[PDB]
Amino acid sequence: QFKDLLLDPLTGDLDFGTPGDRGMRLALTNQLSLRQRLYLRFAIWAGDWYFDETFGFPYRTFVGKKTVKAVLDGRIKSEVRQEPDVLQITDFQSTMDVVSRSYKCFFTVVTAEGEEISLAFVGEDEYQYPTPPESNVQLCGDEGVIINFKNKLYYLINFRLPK
Amino acid sequence: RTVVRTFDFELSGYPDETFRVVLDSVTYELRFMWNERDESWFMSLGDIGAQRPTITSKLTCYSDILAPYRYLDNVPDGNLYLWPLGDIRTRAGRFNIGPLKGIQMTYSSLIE
Amino acid sequence: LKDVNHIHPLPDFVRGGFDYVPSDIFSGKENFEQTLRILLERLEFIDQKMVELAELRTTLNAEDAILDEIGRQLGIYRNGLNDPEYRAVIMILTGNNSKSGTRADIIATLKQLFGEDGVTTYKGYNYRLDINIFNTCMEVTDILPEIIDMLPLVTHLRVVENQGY
Amino acid sequence: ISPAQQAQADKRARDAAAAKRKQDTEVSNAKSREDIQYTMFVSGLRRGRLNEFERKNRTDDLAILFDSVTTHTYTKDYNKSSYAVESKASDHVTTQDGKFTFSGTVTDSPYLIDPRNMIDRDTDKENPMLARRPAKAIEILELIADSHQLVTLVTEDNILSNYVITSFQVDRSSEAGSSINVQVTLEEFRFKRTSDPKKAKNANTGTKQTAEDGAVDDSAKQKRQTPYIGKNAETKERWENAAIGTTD
Amino acid sequence: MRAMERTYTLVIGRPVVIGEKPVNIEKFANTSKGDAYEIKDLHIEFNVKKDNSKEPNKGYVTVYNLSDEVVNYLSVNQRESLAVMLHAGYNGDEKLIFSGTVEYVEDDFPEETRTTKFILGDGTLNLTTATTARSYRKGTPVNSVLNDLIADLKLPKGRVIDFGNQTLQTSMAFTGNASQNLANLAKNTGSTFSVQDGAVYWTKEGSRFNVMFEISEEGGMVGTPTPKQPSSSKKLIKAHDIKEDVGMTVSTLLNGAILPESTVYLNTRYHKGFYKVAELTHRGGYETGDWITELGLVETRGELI
Amino acid sequence: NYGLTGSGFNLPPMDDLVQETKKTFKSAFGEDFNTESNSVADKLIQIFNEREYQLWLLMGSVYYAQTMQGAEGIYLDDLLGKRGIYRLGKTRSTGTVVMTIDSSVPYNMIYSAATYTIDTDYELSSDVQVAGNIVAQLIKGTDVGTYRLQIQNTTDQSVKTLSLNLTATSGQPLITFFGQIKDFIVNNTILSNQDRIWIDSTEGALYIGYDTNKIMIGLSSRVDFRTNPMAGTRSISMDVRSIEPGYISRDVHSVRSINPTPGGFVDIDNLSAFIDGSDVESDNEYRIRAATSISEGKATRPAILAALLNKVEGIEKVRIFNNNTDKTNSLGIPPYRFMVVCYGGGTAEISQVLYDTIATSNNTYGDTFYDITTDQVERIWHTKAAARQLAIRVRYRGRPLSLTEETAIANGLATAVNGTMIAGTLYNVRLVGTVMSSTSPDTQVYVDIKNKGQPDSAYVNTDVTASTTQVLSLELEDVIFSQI
Amino acid sequence: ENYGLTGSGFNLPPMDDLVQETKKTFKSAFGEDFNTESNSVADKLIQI
């Protein structure tokens, strides 16, 4: 439920929205929040962000060196579980090509969805305060009491005659 | 009647919280009970170790809780109010009470 | 999406509690159910009357037998008024406490007694004011004393009542 | 010295500090969620204990199976007054916490790789030794002990619950290469919010002071008051200052 | 699944300065920099005794391997009285357990481990320096004398039981420390006076206040209650009769929401009934040691004030 | 213990009731009766008990329904109904908009109210005519020939005409022509307008109702003005309301479109935030309004004085007079009619404010009127003070004052524009003090005052007093200095 | 340009105006069709 500015999954810029409803949006669904929380966590190289030297991933250890596939997978699979709301990891297809020296892995992560605790900070309210009456209706009655009775009588006259 | 803010409250949401607070150099004990059907907090105020609470009332927003009770030697003379930090239409809830949860329960004391 | 007034009869009160029979152990025995139903259904009546004890005490629906109590607290005694208009006077006098007797204001108070189109007001140069009534639903002579009270200190007033235009 | 070393001492401090943020963070979240329940299967399995082994899923009721368990022992203790009693005064005895210990092994050449075991979450089917199974077990073992989980033991005869790990040992001797010997010790735990109001009981919190960094606590710490976001500044403004005033 | 583990917090604030109004240790927590020096995850050993008597409640504390900056901040202010608060509980909340001034502080750092020491006093400065000079004539209502002397002491009034329409029988004069004079008025009128965690408590001996606390195996009791005499000596008796003279002892897991003048209900299998509280002792060893509280109870025979 | 006590209404938990009723059962059948877990009586009693918890909670809720705190929904109205305050229903947003129009759109053309929508939820408040609603004008570049100028006097109702020839299309002749137009306009309306019109000689363009940064800020009020050769681009002001009642808000520069585009349209935009509409009134703001009713004063002389000064885009000065004794009195007034004098408040906008007058107080006297719909429609009256400009001469003995140093003195005499209607007396001593104040300290000084246009013999020292409907005025260029 | 020391004195901009051109220039980079009304997420950020 971690709120934050929404990042476009397709381009990487802020998700200002479609041309018909351009604006700014907050990440509300846990899925969207977790997506960008993993994306930033993996995209920032370790130590390259000032104000926090411990954040990021240490790509320099592996890239450019002769490395064992098994060791890399452990670190990749470990960084994911640093988020407190990750249920499990389903599958992991780690493959390496020696000709091009490229490495490419696949996997998915499962996360549940929570409640909103309070709507005070977001948009709307859930209550239905009453509407003041109109004109002399309060002190003298209402005509609808006649209309509903007339309709009931008419529908009952309709019911008895077979159709 | 000049008044200055001097204390703020927070609630953990437990339905039968009870704790002691100090206001205007005097000490009091407070009890908060959650009502299911009426979804509202019931507050009881009394002296430390008192047999029965001195005041019991229902909490609501923008209502002076102590207004009709500033004539007793054991009741604070300040002002106790609940007002929201977010949208003005939000009413007091269970978990939304606190300095940043949405509702600011506050006590303020007159200047003497 | 939800009503703010939580004072309502509990929906489906009876079937609740029966839901607390552990594992249908007694259900379908027709001997324990009747004993439990007979006791629970008594609370139904009490639960229902808890509302009227609060609903009926409001000034809108208060009956004359207790409406007098509401009026007594405000100093508005029954005198010779009857129930339908005794309610009106209570509203009129109470509403007077936040008024200034302006032309727009006067129309608003008369609005609650004669519907939307039942009243009109002419104005005159030398303090003259006129009130017209088209759809009165109550006898006006007994209401008249209040109709004077919410007017400026120096008003000159005429009152004419008729049915329709 | 030279600036070249200052750019080197920082690296020594930065990388070393990053280690705590990894290990120290994992235990924090592992304690922040009580839903997960760990279990261990020491022997027992094939004598009908499979009835409850199949209940374990891969998300909440995690299960651990060792490649082999050599011995496990269970023991309880009691004590009594060493002085003659006055006479029946049978209350002169106390019960201690029962202890449980066992020895096991994890090998690079497993014979059974049932995926239900949490050790084999993502182990390769055809190359068990590249999966580095012994390293997988240790990573799991430290996290369970560090977070102080109440483990449940399923044994040959009985079932034990509310047991915490107090010590374990790992070694790689010259003999039995490509495997690790593991020892564990556990003891009983005599353990004794969002809650139903019907179950609530009167509680206490003692004396309390100004709560959290509020509009008043900020003044105490000399912090500047938080500006108000102007969603609406027409209604509250006339009333807020007149009735609540300002901290000053 | 977790275990049930201990937690605590210790805070150090600005020097305490007495003025012309009641002293509240709460407002001195913040340091000139703002946030105070908080110490959470360091092995700590403390002992805090409380009572209902003239003397203030004092507590001892020890901390191992403190950072040099914090020790430096205490090397300074050695002429001054820093305000300190202590909290304890179980991993979900921490109740105030002591608040006062640092009377003493010393550091010994032999080889491997430094060990800081503290001695804290609950209102020691006020109780030992508040002078008074008052007098009254025959006929003065005693209820007026009591209020006059307490206001001099400059402390918040936790709870007081006025005397009613009592009047002085002889002229009276009071000087010296206000606390000493009040403690003398206690003897001749059957009233108990004692300051605690900054609150002034004036009650009447023999009588007691509801069941504010219940003790049972569910309430984390530790062992069965045992009868222990409330004083180390016996007085001659005619055999005011209303006075104390009996008591019991109980132990429980640490719980700071208890005070000497409170009332407790004892729900055990042998002993059952209501008792006053007379003494408290809080002990604690974070990494190793007990985390319990000991209560000395006293039987009551007066009216239910 | 938990029912009605001396300190309000309390609430019991479930367990206390359970224990009490179990004790009752124990007493019923001795200490041997079983009541825990396995007893059928236990299953009946526990199930029975939980329901009365609901009854107790509802009863507790009922009690607070008749107290200053705890009232909600319908019950809240009754409590505050005793004090004559009622909730507000659905409301419609209201506001004003302006749009620029092409040079070719004729003056007399009138926009149909029911054939346009500003945006998805806004429509014209009522019918609008181009003439008489010009708020700002821009003239630039392309405009030789003969030109006619028309303007309706803002104090009288006599149309004024001016005749000029544009012999040249640029240069000093064009500058002089623009200056003549400026002098023509400023002599009517209000002097505050001249501060908002100037000529940019570098570009040879004339700006009406703009600021130095070329932002349309508008004149002091809607007016009528025409040129027989319709040059430049004109701007008008419209009144807009929302289609359906509800909640909606718009900012200072939000409105940007019109669905059916009228011919000659140029642009459209806001000038100030709209009075946003609201949904059904909620409890919190209901209590807030109930709390702040103290300042709500009306139908009194101080109240009417305060209201005018805080409800008009102008109204620099205001004063009232009374005549209520059987006769017209010295000042020409009907026997029982009030008199209100204002300055720079417009006609329609100020007229609406006058609905705070005491009912049955005739008022309705003056030289200008307007009609307002209540339903019935009624007419109100008032007047606008006629400004009178003064000419001031300053003589002194001392060092000669340098150019650009007299600016402080000239602006210092701005106090002369602060005189009140009728009761305005210069107190030349005050002027002497001011002229000696807005300068560095330091021999002799005198002040002479006369009406504009009079010969130099009219200079005097005695103080001047405003007429019944006149108010003092002064221009910066009408100050002179002499050394002695 | 009309802000700060100016020889004739010192000029201070009020709270409201600074928002106005900030939104205006901010709007210029994304066109008119860009929500910036009250309580909108973008507006909330600008105010801070």
# chains A, B, ... in the order shown; residues from 1 in each chain; ligands from 1
>>> residues_around(residues="segment 42-52 of chain B", least_positions_apart="6", cutoff="10 Å", atoms="only C-alpha atoms", output="count of residues only")
44
>>> residues_around(residues="segment 161-174 of chain F", least_positions_apart="2", cutoff="12 Å", atoms="only C-alpha atoms", output="PyMOL selection string")
chain F and resi 139-153+158-159+176-185+199-206+225-229
>>> closest_atom_pairs(of="chain G", to="chain A", cutoff="10 Å", atoms="only C-alpha atoms", output="JSON lines")
{"residue": "G:30", "atom": "CA", "partner": "A:22", "partner_atom": "CA", "distance": 8.6}
{"residue": "G:31", "atom": "CA", "partner": "A:22", "partner_atom": "CA", "distance": 9.2}
{"residue": "G:32", "atom": "CA", "partner": "A:22", "partner_atom": "CA", "distance": 9.3}
{"residue": "G:33", "atom": "CA", "partner": "A:22", "partner_atom": "CA", "distance": 6.2}
{"residue": "G:34", "atom": "CA", "partner": "A:22", "partner_atom": "CA", "distance": 4.8}
{"residue": "G:35", "atom": "CA", "partner": "A:23", "partner_atom": "CA", "distance": 4.9}
{"residue": "G:36", "atom": "CA", "partner": "A:23", "partner_atom": "CA", "distance": 7.3}
{"residue": "G:39", "atom": "CA", "partner": "A:123", "partner_atom": "CA", "distance": 7.9}
{"residue": "G:40", "atom": "CA", "partner": "A:24", "partner_atom": "CA", "distance": 7.8}
{"residue": "G:41", "atom": "CA", "partner": "A:24", "partner_atom": "CA", "distance": 5.9}
{"residue": "G:42", "atom": "CA", "partner": "A:24", "partner_atom": "CA", "distance": 5.4}
{"residue": "G:43", "atom": "CA", "partner": "A:24", "partner_atom": "CA", "distance": 9.0}
{"residue": "G:45", "atom": "CA", "partner": "A:24", "partner_atom": "CA", "distance": 9.7}
>>> write_last_selection(atoms="C-alpha atoms", output="short mmCIF file (atom, residue, chain, number, x, y, z; two decimals), in the first residue's frame")
data_model
loop_
_atom_site.label_atom_id
_atom_site.label_comp_id
_atom_site.auth_asym_id
_atom_site.auth_seq_id
_atom_site.Cartn_x
_atom_site.Cartn_y
_atom_site.Cartn_z
CA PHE G 30 2.49 19.92 -21.10
CA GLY G 31 -0.40 21.90 -22.61
CA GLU G 32 -3.69 23.14 -21.24
CA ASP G 33 -5.23 19.67 -20.83
CA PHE G 34 -3.35 19.03 -17.59
CA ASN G 35 -5.25 18.85 -14.31
CA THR G 36 -4.00 21.40 -11.79
CA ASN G 39 -6.66 18.85 -4.21
CA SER G 40 -5.13 17.40 -7.37
CA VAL G 41 -1.95 15.43 -6.78
CA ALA G 42 0.07 17.78 -9.00
CA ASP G 43 -1.25 20.87 -7.22
CA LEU G 45 3.14 18.83 -4.85
#
>>> interface_residues(of="chain B", to="chain D", cutoff="7 Å", atoms="only C-alpha atoms", output="NGL selection string")
:B and (3-10 or 13-21 or 99 or 108)
>>> write_last_selection(atoms="C-alpha atoms", output="PDB file, in the first residue's frame")
ATOM      1  CA  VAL B   3      -5.721  30.066  24.815  1.00  0.00           C
ATOM      2  CA  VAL B   4      -2.506  28.308  23.778  1.00  0.00           C
ATOM      3  CA  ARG B   5      -2.044  24.765  22.500  1.00  0.00           C
ATOM      4  CA  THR B   6      -0.191  22.703  25.097  1.00  0.00           C
ATOM      5  CA  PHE B   7      -0.899  18.973  24.580  1.00  0.00           C
ATOM      6  CA  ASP B   8      -1.845  16.412  21.934  1.00  0.00           C
ATOM      7  CA  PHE B   9      -3.189  12.860  22.149  1.00  0.00           C
ATOM      8  CA  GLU B  10      -2.867   9.618  20.199  1.00  0.00           C
ATOM      9  CA  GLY B  13      -7.055   1.680  18.498  1.00  0.00           C
ATOM     10  CA  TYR B  14      -7.323  -0.829  21.331  1.00  0.00           C
ATOM     11  CA  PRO B  15     -11.004  -0.823  22.384  1.00  0.00           C
ATOM     12  CA  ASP B  16     -10.355  -0.407  26.141  1.00  0.00           C
ATOM     13  CA  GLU B  17      -7.322   1.873  26.427  1.00  0.00           C
ATOM     14  CA  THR B  18      -6.650   3.493  29.804  1.00  0.00           C
ATOM     15  CA  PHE B  19      -3.749   5.759  30.732  1.00  0.00           C
ATOM     16  CA  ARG B  20      -2.765   8.681  32.941  1.00  0.00           C
ATOM     17  CA  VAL B  21      -2.076  12.204  31.669  1.00  0.00           C
ATOM     18  CA  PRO B  99      -0.998  13.700  15.047  1.00  0.00           C
ATOM     19  CA  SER B 108      -5.248  23.977  24.925  1.00  0.00           C
TER      20      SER B 108
END
>>> interface_residues(of="chain D", to="chain E", cutoff="9 Å", atoms="only C-alpha atoms", output="number ranges by chain")
D: 30-38, 147-151, 164, 189, 191-192, 204-210, 218, 220-223
>>> select_by_dssp(residues="segment 234-475 of chain F", states="alpha helix (DSSP H)", output="JSON, numbers by chain")
{"F": [283, 284, 285, 286, 287, 288, 289, 290, 291, 301, 302, 303, 304, 305, 306, 307, 308, 309, 348, 349, 350, 351, 352, 353, 406, 407, 408, 409, 410, 411, 412, 428, 429, 430, 431, 432, 433, 434, 435]}
>>> select_by_dssp(residues="chain G", states="strand (DSSP E)", output="PyMOL selection string")
chain G and resi 4-5+10-11
>>> write_last_selection(atoms="C-alpha atoms", output="compact mmCIF listing (two decimals), in the first residue's frame")
# COMPACT_ATOMS: atom_id res chain seq x y z
CA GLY G 4 13.84 42.22 -4.68
CA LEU G 5 15.84 45.39 -4.29
CA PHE G 10 12.17 46.37 -1.55
CA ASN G 11 9.31 44.33 -3.02
